[PDB]
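Just below is one structure, and these are the notes that go with it.
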Amino acid sequence: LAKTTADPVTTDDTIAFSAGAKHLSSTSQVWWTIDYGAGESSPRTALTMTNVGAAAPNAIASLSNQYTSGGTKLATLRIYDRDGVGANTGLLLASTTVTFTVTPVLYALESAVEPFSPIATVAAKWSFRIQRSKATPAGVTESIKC
C-alpha cells in the first residue's frame, strides 16, 4: 500500500493510493477492506487473485479519500479470507499501514466598524472579511455561515 501523491498534500485535494496483494503460490479468492481512520469499509469487496509469485500484485486501484482535518493521518489496508456478510468472518491474512501529514487550511479575519466608536445610542455597523491560507481549488466555492 503506497501513497501516489507528492509531499505538499493538504486538506484541499483528494489523495490517491496504490494497492497490491499476492500469495507465494496460490490462486484462491481473497478479499480486502480499507480504513482511513473513521472505520473499516463495511461491504468487503472480492479481489480476484491471478498473478502469483514473482508477478506483480493484483490491482485494488481506485482507492482515494479527502481528509477533513490536518494532522498525522494514516491508512490501513486489511485482507480477509472469508465473507463478512451476516455473522461469519475469516482471519486477518495481512494488514498494511501508511502514515502521512496533512497540512490544514487556516482562516484569518479582517474587521472594522464604520463609526469606529459607536455613539451611546445610535446604530453601528461591523464589517468582516475572511481570508484563506491558500487559494480554493479550481472549481470549489466555499460557503461559510457566520
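Throughout, read-outs are computed from the coordinates displayed, never taken from laboratory work. For neighbour counting, all protein chains shown are included, and Cβ atoms are generated from backbone atoms with ideal geometry for every residue, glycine included.
Structural remarks
- Calculated FRET value between residue 144 and residue 85, using beta carbons and R₀ = 35 Å, to 0.05: 0.20
- Working from Cα pairs under 8 Å separated by at least six residues, relative contact order for segment 66-127 is 30 percent.
- In order through segment 81-91: 3J(HN,Hα) via Karplus (6.51 cos²θ - 1.76 cosθ + 1.60), integer Hz, x for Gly, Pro: 10, 8, 5, x, 5, x, 10, 5, 9, x, 9
- Isotropic mean projected area of the C-alpha convex hull, segment 17-110 (nm²): 7.9 nm²
- Packing here is the average count of other Cβ atoms within 10 Å per residue, and on that basis the peptides 25-33, 1-9, highest first, run 25-33, 1-9.
- Inter-part distance where segment 1-80 and segment 97-146 are each reduced to a Cα centre, Å: 36 Å
- Highest-fluctuation residue, 21, 135, 61 considered, GNM on the chain with Cα pairs under 10 Å: 135
- Environment charge of residue 112, counting only residues whose C-beta is closer than 10 Å and scoring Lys/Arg +1, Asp/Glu -1: 0
- Computed over segment 26-112: relative contact order in percent, which uses C-alpha pairs under 8 Å that are six or more apart: 29 percent
- Hits among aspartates and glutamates - C-alpha to C-alpha of residue 125 under 16 Å, sequence gap 8 or more where chains match: 110, 114
- Across the options 87, 72, 36, the greatest Cα extent toward the positive end of the charge dipole of segment 11-97 (unit charges at beta carbon of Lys, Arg, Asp, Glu) belongs to 87.
- Computed log₁₀ I(q)/I(0) - Debye formula, equal Cα scatterers, no solvent, segment 103-146, q 0.17, 0.22, 0.31 Å⁻¹: -0.65, -0.84, -1.17
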